[PDB]
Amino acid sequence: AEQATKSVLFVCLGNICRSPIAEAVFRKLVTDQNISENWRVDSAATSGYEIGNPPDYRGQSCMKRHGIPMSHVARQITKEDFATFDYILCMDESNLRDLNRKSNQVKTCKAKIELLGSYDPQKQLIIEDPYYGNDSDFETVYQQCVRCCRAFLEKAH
């Protein structure tokens, strides 16, 4: 069989709490759907705050609670990312302003920059930073991501 390979980059401020979860949730969805070979999935940060670090351990526990595998080393977004990805899905409006600012200094911007939450059937538009919160906040990020990723897949390019 054969088909066009699409690519999605999930983005947040530090790439330690939110985006690694979104990436891991999406990655599993496509693997369960038998279409993983058609997708290139990654996640990155708008800042250099946490470069080289594993996901927030609280997010890791949350994921294990749901049996979702998660491995990632934080990295910041690059000028190249705007040319190579079809979709750049971010968590909040601060991420969006930043991405748009960066995208405007790039020669080739192939990516469609959007809020991941714009795909939520329930309209929880923003996926808020759970860093200063606790476990329930991470479970909310997870639930939001499962809802948005499922819906995004139904309409994807």
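In case it trips you up, residue 1 is the first one in the sequence shown, and so on.
*Taking the recorded C-alpha temperature factors, which stretch has the higher mean, 52-60 or 104-112?*
Going by the record's values, the stretch with the higher mean is 104-112.
*Average Cα temperature factor in the PDB entry - higher stretch of 85-93, 28-36*: It is 28-36.
*Out of 41, 125, 45, 99, which shows the largest CA B-factor listed in the entry?*
125 has the highest C-alpha B-factor of those listed.
_Test of reading the entry: by CA B factor among the chain's modelled residues, which third contains residue 134?_
Ranked within chain, residue 134 CA B lands in the highest tercile.
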